[PDB]
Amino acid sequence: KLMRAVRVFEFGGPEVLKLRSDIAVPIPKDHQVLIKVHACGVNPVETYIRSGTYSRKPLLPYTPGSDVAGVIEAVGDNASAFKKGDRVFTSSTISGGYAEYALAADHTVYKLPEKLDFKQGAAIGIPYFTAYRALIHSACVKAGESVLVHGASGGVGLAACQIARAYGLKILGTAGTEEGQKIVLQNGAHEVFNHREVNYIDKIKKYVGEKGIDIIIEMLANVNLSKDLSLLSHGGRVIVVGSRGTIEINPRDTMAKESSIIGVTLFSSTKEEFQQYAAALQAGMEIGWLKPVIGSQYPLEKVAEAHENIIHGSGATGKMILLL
């Protein structure tokens, strides 16, 4: 049995993402399951991996993608939590999610509540688990604190707005377009700003006044970190979620406020931590505040475009997904 899958044979630009229709369908064993993929999330980390310059360099060739949603097609003998026909989503796969079928370890697969479709299931894995770790673990947020989600219109950003809202925070978000701004306001933000405007930081400061902001969830630290330090309240923290370069800062900016700059990586989470996050996000999905938003959809054939556009495109309006 054969399938369509994206294969990378060598590292490089989006052009290295090959569509092949002659890829063997994996056969799950032991604790593995096989998922018939309906959609797969596109995460910016997949672009870094593909470029060959990220800290993870998979063995070539490989199929990209960690975040699928679909239906269990087959199970290994010990993958007792799942059966054929189960609607599921993932935070990892073994064989790669950019494919008609994906092999995954049973502990990186979760049931998909009936009220979320497969497109939404594909938005969950990295974005919502990352946002939850950043807020609950890294920032140790408390109800009533203020948060700025700096890059709120994409996958992690909207997830952060929804979690922050559920956990009782005062929420500011930024977006680069009018439509992105609108979506951010529909998903938890009390107030939104345009990060392409010359004076938007002034507008944020006018808005928060002298007390400043308790938490900043930063998607683009190489552009924003110094400005972030000026916005922090006394004892405030900026969580470095995303970063794509270097930045000049004044370390004195942390001193009088005793503020913190704190890095996060979802990959660093323990198994116990993932189980905690999964339980939190399942509760969100069933109560109904966890409602993933899909901003763009690409057929598998247009994977090079998807990669290009997630890094260089016009502006996010939610999660970008591949449709199978």
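Each residue number is its position in the shown sequence, starting from 1.
Per the PDB record, residue ranking by Cα B-factor puts residue 6 in the lowest third of the chain. In this PDB entry, the Cα temperature factor of residue 15 sits in the bottom third of its chain's modelled residues, the lowest group. Among all modelled residues in its chain, residue 154 ranks in the middle third by Cα B-factor. Per the PDB record, residue ranking by Cα B-factor puts residue 32 in the lowest third of the chain. The PDB entry assigns residue 306 a C-alpha temperature factor belonging to the lowest third of its chain's modelled residues.
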